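Colleague:
2 protein chains.
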Amino acid sequence: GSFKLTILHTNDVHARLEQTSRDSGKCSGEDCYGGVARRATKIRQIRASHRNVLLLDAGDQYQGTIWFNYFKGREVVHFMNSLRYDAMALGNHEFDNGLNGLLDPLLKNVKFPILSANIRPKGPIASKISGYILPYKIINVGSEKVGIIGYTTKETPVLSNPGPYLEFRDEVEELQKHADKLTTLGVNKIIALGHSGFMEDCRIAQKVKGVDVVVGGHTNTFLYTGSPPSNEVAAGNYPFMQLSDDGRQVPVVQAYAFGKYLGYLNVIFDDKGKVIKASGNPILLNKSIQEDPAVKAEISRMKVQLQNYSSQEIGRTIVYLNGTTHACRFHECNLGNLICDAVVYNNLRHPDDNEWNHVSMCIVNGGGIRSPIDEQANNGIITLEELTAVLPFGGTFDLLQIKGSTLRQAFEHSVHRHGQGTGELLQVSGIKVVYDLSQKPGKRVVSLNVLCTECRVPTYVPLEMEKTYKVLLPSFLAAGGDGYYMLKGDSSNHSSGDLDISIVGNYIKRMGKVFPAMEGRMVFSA
Amino acid sequence: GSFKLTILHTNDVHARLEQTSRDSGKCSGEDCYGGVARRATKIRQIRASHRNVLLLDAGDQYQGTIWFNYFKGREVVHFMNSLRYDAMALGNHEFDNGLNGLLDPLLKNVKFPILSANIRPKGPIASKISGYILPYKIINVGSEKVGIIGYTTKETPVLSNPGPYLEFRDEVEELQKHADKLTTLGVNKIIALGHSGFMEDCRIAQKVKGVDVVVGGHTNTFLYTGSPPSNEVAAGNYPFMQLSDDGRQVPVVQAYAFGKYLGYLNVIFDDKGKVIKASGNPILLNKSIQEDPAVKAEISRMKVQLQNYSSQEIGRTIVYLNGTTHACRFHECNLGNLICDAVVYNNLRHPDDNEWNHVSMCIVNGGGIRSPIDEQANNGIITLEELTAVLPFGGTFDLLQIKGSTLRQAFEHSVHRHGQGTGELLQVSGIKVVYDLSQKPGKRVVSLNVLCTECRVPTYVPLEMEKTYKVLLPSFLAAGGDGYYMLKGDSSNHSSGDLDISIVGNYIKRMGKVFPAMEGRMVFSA
Ligand SMILES: *[C@@H]1O[C@H](CO)[C@@H](O[C@@H]2O[C@H](CO)[C@@H](O[C@@H]3O[C@H](CO)[C@@H](O)[C@H](O)[C@@H]3O)[C@H](O)[C@H]2NC(C)=O)[C@H](O)[C@H]1NC(C)=O
Ligand SMILES: *[C@@H]1O[C@H](CO)[C@@H](O[C@@H]2O[C@H](CO)[C@@H](O[C@@H]3O[C@H](CO)[C@@H](O)[C@H](O)[C@@H]3O)[C@H](O)[C@H]2NC(C)=O)[C@H](O)[C@H]1NC(C)=O
Ligand SMILES: *[C@@H]1O[C@H](CO[C@@H]2O[C@@H](C)[C@@H](O)[C@@H](O)[C@@H]2O)[C@@H](O)[C@H](O)[C@H]1NC(C)=O
Ligand SMILES: *[C@@H]1O[C@H](CO)[C@@H](O)[C@H](O)[C@H]1NC(C)=O
Ligand SMILES: [Ca+2]
Ligand SMILES: [Ca+2]
Ligand SMILES: [Zn+2]
Ligand SMILES: [Zn+2]
Ligand SMILES: [Zn+2]
Ligand SMILES: [Zn+2]
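Here the protein sequences line up with chains B and A, keeping their order. All you need for the entry's author numbering is the position in the first sequence, starting with 1, plus 25. All you need for the entry's author numbering is the position in the second sequence, starting with 1, plus 25.
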């Protein structure tokens with residue numbers, strides 16, 4: 026009397042609706058990957074040949090491409106319902122459009138439960154939202170009952186826009202309460218589904234008695250047993266077998282991100298609800314898997330509707346936005362000033378008491394600004410086509426925790442080859458830097474002043490070498506681009522943020538007219 | 026035979042719907058003036074005792090109080106119709122909310138002609154806007170026909186937002202074409218009604234053959250015969266008799282502004298349309314004239330709605346907006362930075378020739394900022410009530426043409442008593458000032474750099490002593506307040522702008538969240 030459960034799972038799909046390139050960009054080439062149409066095919070084939078199948082999502086369907094900026098989650102609702110997901114745990118980006126952008130459209134229109142056990146409401150609007158979200162759900166699978174408990178990263182307040190009246194509690198403390206409740210209700214098979222990262226997933230697997238399987242996300246973790254099928258590098262076996270405090274192996278799974286893989290885990294339980302076997306591997310959604318015709322047709326219709334989003338006037342510039350190489354790579358460029366003002370504006374989060382905001386600074390290397398925008402071309406009208414010329418790579422702006430000394434080392438790197446025309450020079454917001462190019466490379470920073478966060482009135486204070494700062498920066502720099510090895514982020518100090526063109530476009534739309542100046546954010550001693 | 030025409034006229038009423046103080050601020054109830062209810066009474070009394078009466082408005086009903094900010098011209102439609110104006114010429118401020126804000130509600134709902142002969146539509150606007158704005162109107166008055174030709178200042182593209190498809194032509198040339206047309210049509214009594222200022226009114230009186238009377242506005246010009254009744258000083262007789270090029274004495278009239286006076290001119294024409302006599306005086310609308318109870322009840326009903334509106338959330342601050350005297354009168358205050366950023370944003374106009382905008386700088390004396398706004402008080406919610414606490418006097422931000430030498434003299438005055446806590450210290454936008462307070466008073470300005478206008482990318486350049494600049498500044502300073510005699514403007518170098526709390530409120534409404542920093546716009550060197 027044993028029970029075989031097949032778990033299919035996705036996480037951090039991040040608005041990759043259409044099939045993508047191998048790097049989950051726009052597929053311009055022959056061999057494409059992922060997309061909902063391909064996922065729908067593999068899910069259907071598995072459901073037709075496997076007896077007991079659960080389809081779970083571990084959060085962060087929101088945010089990532091213009092698909093989310095235009096359809097605002099209606100594309101998530103539509104295809105998750107069409108694919109018949111059995112449950113979804115909330116990710117940090119599901120709060121990107123606030124609690125109203127979560128209620129409408131997601132909470133109001135999904136045909137499956139939305140789970141998050143470690144969220145406590147404190148205001149009337151937040152408690153309205155939480156009425157829609159359950160801490161767990163019992164799902165009938167064949168003759169058996171499977172309990173699924175949700176959880177969401179405690180960093181959602183700093184990463185996204187849940188508002189001040191939504192509290193994110195400790196995952197292990199909240200999950201144990203609902204595991205114990207499920208046990209008393211007679212449910213002996215329990216899956217923890219959530220968006221807090223691989224390390225937190227392993228802690229849950231270790232500490233929460235009664236949890237049999239952990240399905241996570243947030244860290245884009247790729248696990249594989251054997252030689253992986255594409256260019257992602259495995260951080261461990263799939264599933265990762267975490268030894269519990271109870272002396273059992275608890276399978277922990279994630280399936281990378283961007284819909285490139287479909288998680289596929291076969292779990293066998295004994296008749297007491299103990300996992301006796303757990304095996305499988307994430308399925309690479311490459312050209313060998315046919316795109317489902319009906320989903321592909323709906324995508325092809327929606328691509329036509331996206332043309333409105335791409336050619337609509339967002340706003341206007343009344344000044345030349347000087348994104349030429351000669352400007353952005355050699356001195357202060359007013360376009361760089363606008364981009365980093367837009368980035369700071371997008372990361373204004375509910376202040377937690379001792380700060381007017383958790384971050385006040387942004388940087389972007391001149392090499393990341395790929396084109397000017399001419400205000401004389403078409404009455405300064407800005408659409409996504411002009412913004413794509415500036416920011417063509419579909420990257421994000423991320424949050425990096427960084428010591429003052431490290432930050433100052435980045436600004437030394439910013440002018441260590443100044444004059445050679447490469448893309449290092451940092452355009453900034455919330456920073457005043459003074460350079461002396463006469464000096465030897467590595468000693469050209471005269472002074473750095475930054476906008477305080479621990480203040481009621483933002484004001485410029487000297488950078489402190491031993492203090493820890495938050496800084497916004499392009500994903501390219503956070504991966505070490507352009508020799509910025511000291512800006513490289515990891516799971517301990519780095520968080521993936523919002524799409525770059527979406528950040529800038531929203532800002533331009535808010536301003537209506539833009540006229541950024543060269544204002545002395547960087548000063549050359551000459 | 027002779028023909029007696031009584032002309033009643035208003036100009037630059039500027040949203041003074043309720044009765045006002047002597048200086049056209051908010052009334053205390055002690056001794057009030059103007060308001061539409063009082064004007065309605067005097068108009069009724071004159072119509073009951075005079076045979077042939079015309080009630081004309083020479084423009085600038087729009088803009089000036091919270092009445093215009095909320096009702097957006099619906100209050101002008103309502104009471105100008107109820108008072109049965111016979112004609113109105115468009116003023117520069119009728120374009121403050123663009124053509125859409127002029128068409129709706131004013132052009133489509135007034136029950137009297139709207140006149141402006143020197144406005145030429147282009148392309149899409151043409152069709153109906155040609156039908157809504159007429160160059161002239163023939164009005165039957167008793168047994169006679171009186172032609173009224175409208176005109177509007179050519180400076181409207183720079184003062185307001187008429188948009189790119191409206192051309193403003195020369196007043197004398199266009200008025201002459203239509204005077205000739207009216208003359209050929211058999212109309213021998215012709216009134217020029219318009220909004221271009223006293224100097225242009227007299228030029229029209231001198232040069233436009235066939236014009237018998239000029240009724241003007243824009244400059245708030247006060248004319249009176251004999252000793253004036255209040256604190257306004259007469260710039261000339263009422264009417265002002267301009268000798269025409271062909272030896273005709275042409276009466277020119279204006280009636281100050283803000284509805285304090287009702288213009289009142291008795292004109293005697295002979296049977297061939299020549300003015301034989303022009304006599305009268307503007308009627309001071311003081312408490313000896315009763316507020317019409319029915320109009321007052323309508324005002325009171327509408328004011329109840331305005332009181333609700335003034336307590337509504339416009340936006341939020343996530344920082345303390347430090348409008349305390351200790352900040353704004355001694356050093357850089359982030360609230361002053363926001364105010365003048367809002368002022369510059371409000372004055373972005375269609376750039377002609379060589380400039381990204383016609384003005385780039387704003388100043389506001391610390392003494393004009395009367396309160397902070399606490400971000401901890403009510404979740405940082407900003408309403409019109411909070412803005413009224415900061416800017417309580419109902420003033421405007423005006424445009425002043427000023428040479429660099431005078432501006433530098435103004436910034437010396439800004440710190441000549443620094444430390445005494447008086448209100449001179451200038452908060453700025455688009456200006457970088459460096460002070461040295463150790464120097465003798467009058468020599469404390471180290472440097473002044475300003476945002477260039479004649480540039481594609483705004484950038485800071487040294488102030489040139491002999492160059493003429495445009496600067497935005499409060500109505501209080503343009504009148505010489507706080508010892509700034511050198512900022513005092515006249516019609517040759519000064520233009521009255523929009524209500525201060527509307528400028529700030531609209532910017533906050535657009536920004537959504539505000540977070541101004543102290544960023545070194547002014548620096549006190551050791
Ligand atoms: C966008 O930024 C670029 C780079 O800063 C601007 O180009 C540069 O413009 C400056 C000032 O016009 C030039 O300095 C001067 O050039 C003129 C004629 O080229 C020369 O006669 C002067 O002696 C002085 O050196 C600079 O050479 C020029 N550099 C390049 C590579 O073009 C550009 O003007 C900016 N775009 C806009 C629309 O403002
Ligand atoms: C709004 O602006 C005012 C004016 O600057 C601020 O008041 C001033 O705040 C400073 C703190 O930055 C006070 O200074 C410090 O003084 C104490 C002695 O009391 C000493 O520890 C140091 O010498 C330090 O410089 C200053 O005394 C204070 N002035 C007054 C008249 O209160 C005010 O804090 C600002 N409001 C907010 C909410 O930020
Ligand atoms: C007061 O206003 C509340 C919110 O309304 C908004 O602002 C007012 C000023 C109007 O412009 C309204 O159209 C806006 O939606 C109302 O909920 C409330 O009913 C108002 N109070 C009364 C007595 O009507
Ligand atoms: C096109 O985009 C604009 C801007 O988001 C939106 O307001 C409008 O409704 C869209 N039009 C259609 C037909 O979807
Ligand atoms: Ca179990
Ligand atoms: Ca005549
Ligand atoms: Zn994610
Ligand atoms: Zn995440
Ligand atoms: Zn006026
Ligand atoms: Zn005017």
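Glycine included, C-beta positions come from ideal geometry on N, C-alpha and C.
Looking at the strands, I want to know which residues DSSP matches up with A/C387.
Modeller: A/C387 is bridged to A/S454, A/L497.
Colleague: Name the residues in the region 453 to 487 of chain B whose C-beta lies less than 7 angstroms from a C-beta of chain A; which are they?
Modeller: The residues in question are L476, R481, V482, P483, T484, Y485.
Colleague: Spatial neighbours of B/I154 within its chain, please: CB distance less than 6 angstroms, with the 5 preceding and 5 following residues excluded, ordered by chain position.
Modeller: So the qualifying residues of the chain are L124, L128.
Colleague: Straight-line CA distance for A/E411 to A/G405?
Modeller: Going from the Cα of A/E411 to the Cα of A/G405 covers about 10 angstroms.
Colleague: Does DSSP put B/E199 in a helix, in a strand, or in coil?
Modeller: The answer is helix: DSSP assigns B/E199 an H, G or I state.
Colleague: Using a beta-carbon distance cut-off of less than 7 angstroms, what residues from the region 348 to 381 of chain A approach chain B?
Modeller: Under the 7 angstroms Cβ criterion, the region 348 to 381 of chain A contributes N359, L373, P376, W381.
Colleague: Can you list, in chain order, the residues of its chain whose CB lies under 8 angstroms from that of A/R481, leaving out five sequence neighbours each side?
Modeller: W381.
Colleague: Note down the Cα distance separating B/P253 from B/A259, rounded to an integer number of angstroms.
Modeller: Approximately 7 angstroms between the Cα atoms of the pair.
Colleague: Less than 7 angstroms separating the Cβ of B/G298 from some heavy atom of ligand 5?
Modeller: Answer for B/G298: yes, Cβ within range of ligand 5.
Colleague: Could you check whether the Cβ of B/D85 sits closer than 7 angstroms to any heavy atom belonging to ligand 7?
Modeller: True, at least one ligand heavy atom lies under 7 angstroms from that Cβ.
Colleague: Counting only C-beta atoms, is A/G545 closer than 8 angstroms to chain B at any point?
Modeller: With 8 angstroms as the cut-off, A/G545 counts as an interface residue toward chain B.
Colleague: On a Cα-Cα basis, can you pick out the residue from B/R99, B/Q86, B/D85, B/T31 that is closest to B/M327?
Modeller: If we check each option's Cα against that of B/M327, B/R99 comes out closest.
Colleague: Give a yes or no on contact between the region 39 to 50 of chain A and the region 275 to 293 of chain A, applying the rule of three or more CB pairs nearer than 8 angstroms.
Modeller: They touch, by the three-pair rule.
Colleague: Under 6 angstroms Cβ to Cβ from B/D377, same chain only, skipping five residues before and after it: list those, please.
Modeller: There are no such residues.
Colleague: Output the distance between the C-alpha atoms of A/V277 and A/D366, rounded to the nearest integer angstrom.
Modeller: C-alpha separation (whole angstroms): 40 angstroms.
Colleague: Helix, strand or coil for A/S168 per DSSP?
Modeller: Reduced to three states, the DSSP call for A/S168 is coil.
Colleague: May I ask you to check if the CB of A/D37 is nearer than 7 angstroms to at least one heavy atom of ligand 10?
Modeller: The answer is yes for A/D37.
Colleague: Does any C-beta atom of chain B lie closer than 8 angstroms to the C-beta of A/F120?
Modeller: No, A/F120 does not count as interfacial toward chain B.
Colleague: Could you tell me how far apart the beta carbons of A/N134 and A/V166 are, in whole angstroms, since I believe they sit closer than 8 angstroms?
Modeller: The pair is not a contact, with the Cβ atoms about 24 angstroms apart (cut-off 8 angstroms).
Colleague: Relative to the alpha-carbon of B/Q274, which residue among B/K234, B/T246, B/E192 has its alpha-carbon at the smallest distance?
Modeller: Selected option, being the one with the closest Cα: B/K234.
Colleague: Could you tell me whether any non-hydrogen atom of ligand 4 is closer than 7 angstroms to the CB of B/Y532?
Modeller: Outside the cutoff, so no.
Colleague: Beta carbon of A/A83, beta carbon of A/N143: below 8 angstroms?
Modeller: No, they are not a contact pair.
Colleague: From B/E225 to B/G361, what distance separates their C-alpha atoms?
Modeller: Distance between the alpha carbons of B/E225 and B/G361: 37 angstroms.
Colleague: Tell me whether A/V236 sits in a helix, a strand or coil according to DSSP, three-state version.
Modeller: In this structure, A/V236 counts as coil in the three-state DSSP scheme.
Colleague: Against A/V496, what residues of chain B qualify as contacts under a CB-to-CB distance less than 7 angstroms, listed in chain order?
Modeller: By Cβ distance, chain B contributes nothing, its closest Cβ being about 16 angstroms from A/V496, past 7 angstroms.
Colleague: According to DSSP, B/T350 sits in a beta bridge with which residue or residues?
Modeller: Its beta-bridge partners do not exist; DSSP assigns none.
Colleague: In this structure, does DSSP put B/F93 in helix, strand or coil?
Modeller: In this structure, B/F93 counts as helix in the three-state DSSP scheme.
Colleague: B/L363 to B/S336, Cα distance in whole Å?
Modeller: Distance between the alpha carbons of B/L363 and B/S336: 21 angstroms.
Colleague: So, are the CB atoms of A/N371 and A/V384 less than 8 angstroms apart?
Modeller: No, the Cβ-Cβ distance between A/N371 and A/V384 is not below 8 angstroms.
Colleague: Taking C-beta pairs closer than 8 angstroms, name the residues in chain A that B/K147 reaches, listed in chain order.
Modeller: By Cβ distance, chain A contributes nothing, its closest Cβ being about 14 angstroms from B/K147, past 8 angstroms.
Colleague: How would you label A/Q401, buried or exposed, when you count the other beta carbons within 10 angstroms and need 16 or more for buried?
Modeller: Result: exposed.
Colleague: In chain B, what lies closer than 7 angstroms to A/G537 by C-beta?
Modeller: Going along chain B in sequence order, the residues near A/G537 (Cβ under 7 angstroms) are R535.
Colleague: How many angstroms separate the CA atom of B/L200 from the CA atom of B/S141?
Modeller: The alpha-carbon atoms of B/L200 and B/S141 are separated by roughly 10 angstroms.
Colleague: Is B/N371 near ligand 5, in the sense that its beta carbon is under 7 angstroms from a heavy atom of that ligand?
Modeller: Checking the Cβ of B/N371 against ligand 5 gives no.
Colleague: Would you tell me roughly how many angstroms separate the C-alpha atoms of A/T181 and B/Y334, rounded to the nearest one?
Modeller: If you take the alpha carbons of A/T181 and B/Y334, they lie about 35 angstroms apart.
Colleague: I need the straight-line Cα distance from B/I528 to B/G522, nearest angstrom please.
Modeller: About 10 angstroms.
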